[PDB]
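Coming up are structure 1 and structure 2: the same protein chain in two forms, each one given alone as structure tokens.
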Structure 1
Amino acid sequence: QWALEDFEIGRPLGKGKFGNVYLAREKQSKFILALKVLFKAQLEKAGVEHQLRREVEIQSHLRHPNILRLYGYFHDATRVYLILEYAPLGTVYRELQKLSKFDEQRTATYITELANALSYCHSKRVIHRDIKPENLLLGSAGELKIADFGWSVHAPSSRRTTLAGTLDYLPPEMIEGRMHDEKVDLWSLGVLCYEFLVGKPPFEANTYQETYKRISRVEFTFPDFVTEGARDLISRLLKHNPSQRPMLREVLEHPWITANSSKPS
């Protein structure tokens, strides 16, 4: 069906470990979209063919306004191409570099949109496992959209693949290589809420070794400007024991969230 000739390619949107992502327009329809390009040699050398498969399968079936659509794929001799919904306002990562910190209302709105999307996912027992700002995209009305389902799986779960870069968003049970489930995404939600308000993630350090220590011991502290209600929500999400972390419903109904978010459930 689809081939490279069906598209005109435009500017680079971003770079991943494997993904090189371009703006593109389909010739017959003039449909604007994003084209995620992957090198077959790189995928093979790293041995992550199963991740790509899961990304396509999971993200093509999901339908939710806060989850990025995947329309299709094709491949030639050297490359694989994923056909994605184009997110015109870019990444949450970028927006954070621009503004340094988000205010409480921006933060709570983003957390609600996140919790809504994750609730939809967990209902099918899909866990994302790689929730972080570079993988959170923004729509034309500024609405948050979860993307990059490469690490996602069905629960319960062990980990078969080597951890790549930053440990910053991962809970103790996943970095210690133990078994894990849905609550991993709840931990990550707490890490994000903190980073949104403060400008950096709670377990950030100079070395991999030190970050691992701070995560496994849950060693974090708050700046003075973080309010009582945000402290309450964040402290509930970052529990060492996954079973003590709240349900997503409790997050969406948390007093600080409801007082400050500009969107519903």
Structure 2
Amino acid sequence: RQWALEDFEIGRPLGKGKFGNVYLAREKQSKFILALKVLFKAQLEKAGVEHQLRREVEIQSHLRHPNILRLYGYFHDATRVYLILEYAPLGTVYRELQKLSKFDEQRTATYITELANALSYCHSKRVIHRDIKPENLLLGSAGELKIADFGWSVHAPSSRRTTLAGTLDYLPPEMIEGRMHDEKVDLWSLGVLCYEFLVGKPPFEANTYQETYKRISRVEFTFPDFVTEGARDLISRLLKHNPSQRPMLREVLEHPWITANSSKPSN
């Protein structure tokens, strides 16, 4: 009655992770195509992030949204932990960005709309993703954006958080400055992401992380000349140093620049 490793044929690696690989998978009976996320228990327990894996599995499995990747189930075998994820045929936005160097305003606004919708749903359930980045954004069979990797996420209806969570180039100032943080970290990373979609590079990118920490804390960056006034306005609002001064996701979805370039409506 329970999941077993024998239930799946393992295909090519879909991507490498911090504690194991994600493989293309086939349920032997129904021939249903899936993604199998494999995590070694030794690496998880050594780094002491088992509690975070609990959060990833429990939170993602109970979420239901067209723009959020589905986690159908999980199982383990005293050596590895296996996550059964929804298959995203067109790969990452990261690979797409690398392929295209940069997105135009139509594509960028479309991705932001889909992402803001999914995040708005997350925050309504008091969930914070805390790891928004192109590598963690997948594309469906019709090119729809879907959030993935809830490996840094947390259910916080009560507490404000203290965990240094996320990825270097996308880390909010409050985390860097050793402050507490809330759901407003997703809107900072949304601003960092919108910049990278248009420019092709993170706004605080540097050779060292110490310099990156400095630039993030100062919110020290510039736009290339071709970035439109509407795009500059949206990004600047999302990249406020003061977390409470950052807009709401409802305000992002109703942003003039967003509604004039997006190919998809709001929730």
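Residue positions are counted from 1 along structure 1's sequence. In this text, rigid core is short for the largest set of C-alphas that superpose within 1.5 Å between two forms. Shifts are known only where both forms have a C-alpha.
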{"property": "Sole residue of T109, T91, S157, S119 shifting 2 angstroms or more in CA between the two structures, core aligned", "result": "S157"}
{"property": "Rigid-core frame, C-alpha of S100, shift of 2 angstroms or more between the two structures", "result": "no"}
{"property": "Large Cα shift (2 Å or above) at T166 between the two structures, core-fitted", "result": "yes"}
{"property": "Distance the CA of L35 travels between the two structures [rigid core superposed, Å]", "result": "0.3"}
{"property": "Once the two forms are fitted on their core, CA shift of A77 between the two structures in Å", "result": "2.7"}
{"property": "Regions of at least 3 residues displaced between the two structures by 2 angstroms or more (CA, core superposed)", "result": "154 to 166"}
